[PDB]
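Let me begin by presenting the structure, written as structure tokens, before commenting on it.
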């Protein structure tokens, strides 16, 4: 129950249960090609009434950093704001855009602030942080514990194990940003309980030009198994 | 909770934080006359992990020191920033590098205050420190989650520490320990303790501390520089099997 | 620009005896060259044995006496007795040093009875340095009254004289004689002379007129 | 359990402490208030537990401003406190905006202070409901009631306490929108005498207050010559 | 049964049992009586000693030259509230140079004691007071309760075995108004005597009296100053 | 009223204060003896581990030139108490130029420990301290402090695992005869530490202070000499004369 | 246990936050909101049990700004607090930034406020839902809803209250045909939904209707003499 | 109801405050006696080893040259309250330039017990001194309750010692005789041979300050027993 308490085995139980809230959110894919990084996720609604052009699971932090998550969107909107502030603090001091690793460190610090006090629960989200700094792509994975991992490809959320084996068997380097989007959508198609439309998913890419959330037209283009 | 004694004068949260380290990766240190080294195992083993960083478990604290950690990693990232702040405060205050024992006392005074002051959890992290100073030379220390540091000549923290300790007791040759000897011993202790056999070079991390022309040096051996260390081990224990 | 002080005139006097104590004052209140009122006595009864005089800035004279009256009640609550003259004096010494950097512009004289019935006169500075005396003057005419008291009470610069102790009837005539003369050369000394006599039987009051010029 | 804190929900979205705080108002003596055409009239069933208490003790009608009155039912210390808050609200309103506070606004400001106690573990909810009443030439007559939950609604007639049902069943008979205050006094006293039960509890005192044209927007205790002239009508209408 | 360990908890019947339990701490102190004529207000107490060879506990306290209290309950709460009253009266003399009315003091006392009934981490004041005073409206007798409630009274007795004194006072209220001081004090003493066993009686050691009026500050008569007021009591049989 | 809070019991006890003393009944034995111009304390060693530098296992710790200290119990609480006493030893020369006395700093340490028995959210210091030192007038002093904030003065005392057995030894042995010279004041501590020791001599660490000298920790070249002298004086008396 | 304080459960769920969605249905009323091509409408029922209440004070529609209007559903005292906070935020937005707050932003500000109550154990969540409406510069009319948990989204139509599933079935059945949306069609759709799920044959006194249009962006609460005009047209066809 | 000082019993009781009283009987016994010639204080020390210097056991202490205290209960509470009394007696001198009375020292020291620090003080104190009103003896309790006493016994054997004082006490005594009576009572509630290190003794006369007896003065009264 309590968070400032170890078990005799030496485990933190509320953190393990906060990860269970990440393991039940919508899937999210991440692939790091040679000249870019892809972020894709399932954005599916419970009715035809929900306007999908109003909320976004893929969000920018800067011109060259972007996010997705698996789990709780209320928790996501806090870390989006915090990351956007920390990037601006870094810019205000150094007048250089923040590297993708320092943001992950400073954001895992925020996630760790919520693991040590009583009267606060941890975040029920994991993040995937894409970037393009120093002529190289980056992809990280921040957890509620305050721990981050650099990946070449991974998947979070529902069926995050088979979706990762699929990448282990269907991913290599010597790719580019267009061969990776096809692989990410194919990795999302495993868990898609229905017809995949341009409005049921959400895609964002980063490259030399910076981060951009693709449009439904571009999604419908590659949804035809095209490129 | 940590602010409560047992009738037998015990503190069980402090023991559970210490039990929370066997789940962590193995890290050992070996002192020598030419220098001092660390050797961690990378349990971050996966076909899709990138390994962008210089080092994942060896953290540099100063121009004359590094450390390795085992336990909760968020706590480690906290303590590694606090260490770097203590060092620079000493430098700002005296304009001389901090000795390799004042830093350990300063961090252990932080770790002790979490076993004593209300609603906060003890840091589930043990640490090893290697460094040089102009008072006692090359040193090796070992912290515990209770705020208890100790000087060592060779120790091990994390998974299967009690076995590596017994090996070091039976193969350390105090007074005649060079750095090649220490690495040759490390590749042995780290192979007779790892569950995954054959000791891939992808699954370890080694750092040496030495001196050159009155300057301190902290290097990290590359892949090809550790392949040689591995190849000169099966040859050594294949010759200890020839005499049948 | 705003200066927080102003001198409202005032003159006070006290004499001690073996069985009594007098504390006297004028009743004029002034403001520059003008006169505020001609009925404003500077003497205040604290206990059955103790009287205080206050002269200087009138706002501080009003504040400090209320503070003293509020401290007496607290003493009586905590200790179940009334205060002595020396205890009130030593307390006022701290109340005044509480404002060492923004002082009470007040010239104070306490007059009462010791713990064996003898007279007692304590004279203060605005910052709390106090001094037991036999007679002291304070206020605007203090420079004018003390020589004649030094002569006719201390018997100073007078040889082959009868060093007789001062009785009450002599002290009262002397007290009236000094204000009758200070009203002739000092412009702040004014209309009436209040005299509060302290004795074992209680505290009296007497009003005597002076010239209104 | 699920009924020990106001920071706690039940599996059906209920907060039982706030309801238990209303159970305390249900167990208190009855007060009523009726909005007339040109004012408001309060009446309280004031119980005298002992003959040693003076006539005037435990006043349950409060003046919160020179144009606003207040009648309470429940815990009385809580009511005195809430009166003290309703007074500083109206005080600060005049201090900041320079005119008498309206009652729709005062009701909201007190309702929120009451609602704030339904959210925390360190405090309980208030144990008193109460009516406010005012009259102004512009705003007219007004009557609001505020519950422990923090709800606030306007009224033409209202009751709080034990005999709430019995009293509103008599107030709906009144055509209050036609009448004046001196005629509704008789009705207020008649209802309080109808709902009072002499066997369930001992003798009682009748306590009345007014606000309207006949007081010029000044909340007043009713004079004695009129309170007696209404208590008499109450006795003579008990022949029924 | 299990809505009792905290004051911020209601019961399903709409009650707070910690307050009801604090009210039971007044029944543990010795008995006090209060009564008033149209000119004077009187408090008589019965003091109690811990060891026989010690002094009797003091029951009546001076608050100002026109207000005084008699206490039944916990000593510490009484010592805190008395020091509250004293400063609230000094604060009124400092600003206005007038004595604080008694209604405006007991209202403040109620406002003060209401907080522990509602916020957790503080105990309800387990002390009851009878407050006798005199102001521009005549004499007053006020009861104060651990429930943060207060009453204006013609007379009242509180403490152990106080129902006897209350029953006495309830049938002599019609006389207290035109009574002089001696008769009023004697009614108080007889109501107090009705709280004792038949074995015991009133004595100089165990009786304190407090009186305030128009031409009389609040004085206290404790041991030998009481014997004028005892002379006159009929030696009751049983 | 039971464990887990510093409240009270029906008997009038505070069990969280006793359970901290139970931690002082778990460390290594530490003795102290007061003489005339020498004062000696000794502490059992902590079972060295074949690969450890014993420079950092300091059980005996000086606070100033005239005062010294030895502790038993939790090892980390000792360091904080000792640093906070070392600071006061200098703040006392700042506030008044005179040096500190043994009772002053013992009282300060005891107040610091008392301060941690007052609140929840604070855990008592699980140590005791033998605080030996000197004064102006050269009066030797010895005090003993417990977690509860209590301090007394002693002619000789012990703390740790075996104090209940060394107290009987010093009861039977401590007189004015065994403090004739320094070498007899040290032999008493050696014999007392022998009653719980490994029958060795390498498991012993003794320090001494004189009116002239500063603190002086001994080397095994003298500990061995004293232990051999004591073994010889016991082979001759207990065996060869009875 | 895992249901009293806001901790996580083994399956990663927060039950005290789910139990605050159940308080929305304690008031016993249902709200409906519908969006058009030039309009946006909110609708709710106005149930007075007593004739002694003044019907003017019994409302669940509120004016946040001149251009934004709300309907609140759930516990009545929580709604006034959330509405006053919405008004404070809308006012400070314009004080700081110099233009009127959108609905897209006010909604997420309220949601950000509500999420802190789930992440900090100081205060309870509010047992209230909130539907806003407003006309945007480029986006057009907007319908936004927010939850006790801090979830928010835009809608073409939605409901809040007891009859919310059987209202969102009606609405999703009518929305697919994609007729020429208008003011009159919008209000008729809302009233028909609330009539079908309740089966009550409404009066003008039993409902209150707030509207906002591109012609007049000012939120206005309708009169009984203007609801009757739309009610009569329903019985015809 | 038993644990916590903010919780009333159904009968209106504070059991933690009573358990603070019960912590006094775990302390050794002390006796104080009034006399018109002065006040006496007499205590047991309870030495646990011959190695401890018994002068380091402060069970009677000087508060000022005219007031002396004797305590029983917890050591820490006693240190706190004794420092309070010493500081107050000198603040009084600084302000008013006179000697605080024993009643007022007791009143000011009892006001800390009126503070829930989160725990009642587990210590009772006897205050013996000389004032304008002559020799006075007072007794402070963990409840902050204080009262003047002519003779009082606190601690372990307070019941029997009090049941003896009520017989050997009269309001005409001398100080040499009361000192004899106190030690005779102390003899009977000890399973250890009364001697000049197992007890302390102090007096406060009008024309003499606080004075703790010595081994010589103690043995010269132990002899006549």
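Protein chains in written order, with the deposited numbering: chain B, 7 to 233; chain C, 8 to 251; chain M, 1 to 213; chain G, 6 to 245; chain F, 4 to 241; chain D, 3 to 244; chain A, 9 to 245; chain E, 8 to 123, 133 to 241.
C-beta: ideal position from N, C-alpha, C; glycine also.
Range of the contiguous beta strand (DSSP E) that encloses residue i
i	result
residue 153 of chain A	149–154
residue 198 of chain M	192–199
residue 207 of chain D	206–212
residue 44 of chain M	43–45
Nearest residue (CA-CA) to residue i, options the options
i	options	result
residue 65 of chain A	G:156, G:174 and G:232	G:156
residue 155 of chain E	E:72, E:63, E:177 and E:110	E:110
residue 113 of chain B	B:69, B:84, B:140 and B:204	B:84
residue 116 of chain E	E:143, E:215, E:102 and E:201	E:143
residue 188 of chain E	E:22, E:41, E:13 and E:9	E:41
residue 121 of chain D	D:102, D:13, D:19 and D:236	D:19
residue 110 of chain C	C:102, C:95 and C:207	C:95
Under 8 Å between C-beta atoms of residue i and residue j
i	j	result
residue 213 of chain E	residue 54 of chain E	yes
residue 133 of chain G	residue 84 of chain G	yes
residue 161 of chain D	residue 74 of chain D	yes
residue 67 of chain F	residue 92 of chain F	yes
residue 162 of chain C	residue 135 of chain C	yes
residue 87 of chain D	residue 151 of chain D	no
residue 23 of chain M	residue 95 of chain M	no
Inter-residue CB distance, residue i and residue j (contact presumed, cutoff 8 Å)
i	j	result
residue 108 of chain G	residue 147 of chain G	5 Å
residue 168 of chain M	residue 17 of chain M	7 Å
residue 217 of chain A	residue 202 of chain A	No, residue 217 of chain A and residue 202 of chain A are not in contact; Cβ-Cβ is about 10 Å, not under 8 Å.
Bounding residues of the alpha helix (DSSP H) (the contiguous stretch that carries residue i)
i	result
residue 25 of chain G	21–31
residue 113 of chain F	106–116
residue 120 of chain A	111–127
residue 142 of chain F	No alpha helix (DSSP H) contains residue 142 of chain F, which is instead part of the beta strand (DSSP E) from 141–147.
Report the residue ranges of all beta strand (DSSP E) runs contained in full by the region 26–89 of chain B; include only those spanning at least 3 residues, in chain order.
34–38, 43–48 and 71–77
Which complete beta strand (DSSP E) runs does the region 116–175 of chain B hold, if anything under 3 residues is left out?
131–139, 142–148, 154–156 and 159–162
Taking only runs that begin and end inside the region 51–94 of chain E, name each unbroken beta strand (DSSP E) of 3 or more residues, in chain order.
67–71 and 74–80
Which complete beta strand (DSSP E) runs does the region 177–234 of chain D hold, if anything under 3 residues is left out?
206–212
Unbroken alpha helix (DSSP H) runs of length 4 or more, entirely within the region 168–213 of chain C: which are they?
168–178 and 186–196
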